[PDB]
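Any read-out appearing in this document is the output of simple, stated calculations on the displayed coordinates, not a laboratory observation. For neighbour counting, all protein chains shown are included, and Cβ atoms are generated from backbone atoms with ideal geometry for every residue, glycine included.
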Ligand SMILES: Nc1ncnc2c1ncn2[C@@H]1O[C@H](COP(=O)(O)OP(=O)(O)O)[C@@H](O)[C@H]1O
Ligand SMILES: Nc1ncnc2c1ncn2[C@@H]1O[C@H](COP(=O)(O)OP(=O)(O)O)[C@@H](O)[C@H]1O
Ligand SMILES: Nc1ncnc2c1ncn2[C@@H]1O[C@H](COP(=O)(O)OP(=O)(O)O)[C@@H](O)[C@H]1O
Ligand SMILES: [Mg+2]
Ligand SMILES: [Mg+2]
Ligand SMILES: [Mg+2]
């Protein structure tokens, strides 16, 4: 391999790479702007050791005393239905509300799994609110305590706009202790000094400072039955999410997945890339027709098309190739269907007729031939009707309107096309036509599908295959040439079709 | 090797890979959803050392005192007959029952092996129950103690639905101590502090907490004749089984075993893959007939079949190959039986007869020939009867009904087929037929099995072998060609049969 | 590869390398001369340990006491609108001013983000000043305190020229402590001694010394409720930016990016470099025309041009190549447009006419031919009008004024150029002209674009291609030669055009 090839492949697939990288970067930006910020508060205490004090601070007694003091077993969560509602509310500048609950007691269903009872509180005004646990609706008022339906609740100082909802959960004490212990860290920072740094992370910058102050005070009171140097304060810059590293990771991930996909697609290509691939085997490529981005003939609708220019190049190439041929019959065929045989044949006939030579076009695709549709037709009396014997040699020839050449349609689809094409009346037709016309072009089905082309090619002076640019492979074209030679038909060469411009070439 | 080949092999064997991986993932999911959950309880004590205390806690004195206190020597197990009954009961939400037994004394058979006596208790109601040890049925009532048949039992507070069964075992004290010590761990967690973490795992989240509390209290009482900071609590999330890692391991195991099986099958393939394998040796492959997924002729029942199209391709190839041959006799043969010789020969005769040429078909498989069954027959007067001399040249020829060609059946199976085929009357028959027909096709047995084909091939102008797609190998076909040439028979080429579409090609 | 090639490439691209390196060095010099200088002050104290004292010095209590003492929470910044205004002011020798503020209290909006209120103070004279916070204009006087609009301010000892502006921010206490702690360092320097080195970096050489003295005094007073050996002094040489290393890094970065760009451009070149590239394939290069840096003929305006000398070399080469040719017709063509076909053909005709031979020039570029513009024209009756039949063979020939040869213009642009060129009247014209002139030169469109050149080349005795020096590639020229040979036209050789002098050759 070489650098030029890889750079060309990257240039060709630029749209895919850009789209994938942009999608990944957009997802990264959305996550980094919608993820909830996490603040960190710190405190510094002095040990008058410090190896067992790390375990004493994280023991369930200290944390449990803190949780009992601060009522951390009442989980209040602002209610947003979607997974991005909270982030959108924060971005729009909306101020989150809060409720001070000093007493909560749910009926404690305590089944096998749901060990955490929860209710939903809807704020109707600054004073009253509605409560629903499992569809049971109740009404409560700030101030006076509520003892109804096995539910006890005391709510103070609602701070939210009316219509807001809050999920109130009474999680078990061990769950609260585990959650507190997950986000709480103790370090020595000197490995020998009495200095201990206590760290607590959480999404509420004031609550975490209060929690760490309570932890420190409880530990201090417990020890004297240690010195608090730095009481806990919260860093106003969140520690998570780290937006810049997230976005950089997203961009690099997009680039690497795009490069992997591009390499995978490049290594899985088998189609023909250039005429030199065919010419390595020993197949003369007589032309390369580009894609015409422009039920009518292109050589007639848009005579100045680039594809028609390539076809004129093919015409002047054939005027020299088709010399010293046994007759004036040219047979266009191919390996696979929808390669361009009818396009090539019809347009070539048009470009050769505009130069003043009489041209006959025969649609010998007795199976899926649509030439009569493209030329303007009387569908009666096609090639089939002549071959089966129910027509004459003069009632099957029609004239293209915007063309300048005659044509013979397929006719009705027969049940035995390959056996009709073997009748000697076909050779009689070709011998008769080879005296009233200057050129005869025959369109045929593929050869890798059926055998009609190989029957027709016996009476053809020149035979050319059509290879589609990306679809067909060199193996298919070689197999087709060999199958034609096995049946006694000499293929003059190939015609690459549907070519497009690639920066890797 | 190259990446395209391996990707193609993976695409071809996709069904096998998917099935194996799905089976493994289903087994992993069943195990991860039916395995009994194992909870873990923890405690934290303070050592006022700690290297000998780990051995003192795990000594048999502390554990034995705990087991005597909590009666851990009475093993009560809920009875489910299958190995998945307990998991199903847990999944369906069924609440396990329990019995508080404060005194159990079994007769203690104490033979060589069964040192653990056991009984089965069936719950009939909230009060009474039935007991069976070795077929001896007894009835007991909660409350009043039972002393019968050398069995002492005191049962309190049955909690289960009627009809439940419980296995009650009186395991030896050392066995109970060993079981307790297997699931009990002590750690320092600081390597220098007085802090010891005690861990106990078990399937009953309350019993393990009680057991660890008893262990801690016994150690504390023993030492003062240490401080308990964190009394034991149980983590409600089970530590085993870890479902996600189990499922990931199952999926990866399925993928690796599937890839290994695929590679093993690929490396053990010897059959013909493409016509190019035969053409490397120098054997002209004249056709490749695909599998016809559609006692009748295919070229007649379904004339538009893909296989009949391939046979028409072979027909037009033969019309050119069979020129400049010494006569109009074609001999289809093969290497191994059930390769397609009769299929190819009969269908080829049909496709050549539909074009208006007189065709004779001869079934020279005098050993296992079934052509007369496929054509509609009068089984008398076949080839055998003519060769042995008990028939004429005109009483053996019959006509295929839906065909269009004549045929000669094998006749009765003779005892000496290879010696009948050497009679000059066979050559007389062929010389006579070569003047009344346009083509003669002869079907023969394989050549690697018997020698009839090599006797017949002396009088055949053209001879073609049939190679089955996956079954035969290049070695078999080369051996067959060489064995034909050794006997003076020139094989024109080969016919690949039963071809299917493979993404690795 | 070899050293000579790389040295030549470096010599050829010297201007690009010099420009890039100079730009990078200029940017580095601008940064190193405009970046604000950062001074460093040091102190040395003695510890009578020293592992916890590093944490005690950086604790928020000591730094907070210092900040409360020195009022470091009032941030005063000199106002320069651009990002280089301060550096320019320092370079021009301007003395920065300062204000001593002993009391500041802003309304403290304290919204979600802007936690730091700020005002702008404009100095009108040595006594009074103007204040604007959010468009609210106020006037204040040094001395008397200001308590207006929720803003309290006390300003003493303004030292600046009138018209200067100062941003006054009241940043939060924790922000001030964090900023102080970011630039403050403590080290032991012996790892065992009581000697501690305290370091403080800042842009004001006196303020940092005062700050470090206050830090040391506060720590000393705190400890005795330690010895100060070296009170803080400021190194007058700034520690940042380090100009020399910055400039060296800039120069080396410029050199490496220039070398990378040069290597990238060299590896992405595909055009023809020397005639030997064409002669490897087997194409005879008959000349190499250099660029003429000098609507007129070069061989006439500047007959002593270097390009005209190369064309005379081509003329004497052709006088030997064009012997034993079937006629006296020469056809200049090419692969891509704007290669030099009309330049080469017209100048060659001029140089061959100055030697006394009758020369005919034909502009057979019926699509974009501008020869009549370059020769002085009567645009009527060109080649088109003759071919279409509406003109005679004598009304189309005109005479070049400063030339010496006749010419035929294209005429009006036709709709069917390629089909006009196929008329036998073109061959009649050439046969008639081949008897009244000594040489006929025909200019043609490219061959990779259209097919006109291949139609004309049938009647041309000699055909030469023109390859542009850097534009065309060897692949294009080979494709053109092969496409000419496919149509029955033998190309004698090639002509390299637009050559320039490269030190890598
Ligand atoms: N270079 C081309 N540019 C534009 N359209 C093309 C080109 N080649 C083929 N086609 C069009 O795509 C369709 C398939 O080609 P067609 O020749 O009709 O199939 P087949 O090769 O089986 O006879 C046709 O409608 C054709 O007009
Ligand atoms: N390409 C094929 N498609 C469908 N059936 C086939 C094909 N080739 C052979 N068979 C069928 O499978 C059976 C075995 O083939 P057969 O020719 O009868 O055996 P043998 O080669 O020994 O004479 C037959 O019943 C045949 O009809
Ligand atoms: N060696 C050259 N020196 C100076 N000018 C040149 C040279 N070669 C071509 N040109 C000029 O650059 C332009 C493009 O060349 P031209 O021959 O007219 O295009 P084309 O090859 O398509 O006919 C012209 O104006 C030509 O005069
Ligand atoms: Mg078609
Ligand atoms: Mg058989
Ligand atoms: Mg030009």
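Once the label point is set 7 Å along the Cα-to-beta-carbon vector, what list of distances in nm do you get between residue A:280 and its counterparts in the other copies?
So the label point of residue A:280 gives 1.9, 1.9 nm to the other copies.
Check the axis relating chain C to chain A and name the residue of C whose C-beta is nearest, distance in whole Å.
Taking Cβ atoms only, the nearest residue and its distance are C:192, 17.
Plugging the Kirkwood radius over Cα pairs into Stokes-Einstein for chain A, at a temperature of 20 °C and a viscosity of 1.002 mPa s, what D comes out in µm²/s? Mind showing how you got there, number by number?
On the way: Rh = 31.1 Å.
Reported coefficient: 69 µm²/s.
Which order results if C:81, B:405, B:264 are arranged by neighbouring Cβ count within 10 Å, fewest first? If you can, show how the numbers build up before the last one.
On the way: C:81 6, B:405 22, B:264 9.
Fewest-to-most ranking of C:81, B:405, B:264: C:81, B:264, B:405.
Work out Dmax and Rg for the range C:449-503 from the C-alpha atoms and quote the Rg first, both in angstrom.
Answer for the range C:449-503, Rg first and Dmax second: 12.5, 42 Å.
If each residue's Cβ is checked for other Cβ atoms within 10 Å, how do B:86, C:240 rank with the fewest at the top? Mind dumping the intermediate values first?
Working: B:86 19, C:240 14.
Neighbour counts put them in this order, fewest first: C:240, B:86.
Could you please state, rounded to a whole Å, how far the C-alpha centre of the range A:438-505 is from the C-alpha centre of the range A:2-16?
Answer, in whole Å: 31.
Just to be sure I understand: of the beta bridges DSSP finds with both ends in the range C:379-498, what percent are antiparallel, rounded to 5? Let's see the in-between values first.
Numbers: 3 of 8 bridges.
Beta bridges within the range C:379-498, antiparallel portion: roughly 40 percent.
Suppose you put the label 7 Å out from Cα in the Cβ direction; list, shortest first and in nm with one decimal, how far residue B:85 is from each other copy's label.
4.8, 8.8
Where the centre of each part is set by its Cα atoms, how far does the range B:213-251 sit from the range C:257-302, in angstrom?
Computed from Cα coordinates, the inter-centre distance equals 83 Å.
Percent of Cα-Cα pairs per 5 Å bin, from 0 to the last occupied bin, for the range A:294-441, please list those.
2, 9, 19, 23, 22, 15, 8, 3, 0
Quick one: B:262, B:83, fewest Cβ neighbours within 10 Å first, how do they rank?
Values: B:262 19, B:83 8.
Ascending Cβ contact count within 10 Å gives the list B:83, B:262.
Using alpha-carbon pairs under 8 Å, 6+ residues apart, how would you state the relative contact order of the range B:61-170 in percent?
Result for the range B:61-170 is 35 percent.
For the range A:320-396 and the range C:145-164, compute the distance between their C-alpha centroids and round to whole Å.
Comparing the Cα centres of the range A:320-396 and the range C:145-164, I get a distance of 98 Å.
By the gyration tensor of its Cα atoms, with a ≥ b ≥ c the square roots of the eigenvalues, what is the shape of the protein assembly as shown: rounded for a/c under 1.5, prolate for a/b over b/c, or oblate?
Note, shape of the protein assembly as shown comes out oblate.
Would you mind listing the distances between the residue A:368 label point and the same position in each other copy? Use 7 Å along Cα-to-C-beta, nm, one decimal, shortest first.
Sorted ascending, the copy-to-copy spacings read 4.0, 4.1 nm.
Give me the one-decimal Kirkwood hydrodynamic radius in Å for the range B:199-265, with the sum taken over alpha-carbon pairs. Show your work: numbers first, answer last.
Details: mean 1/r = 0.0632 Å⁻¹.
About 15.8 Å for the range B:199-265.
Just to compare against my own numbers: the Cα pair-distance distribution for the range A:1-123, 5 Å bins, whole % per bin, please.
2, 7, 8, 10, 11, 11, 11, 10, 8, 6, 4, 4, 5, 2, 1
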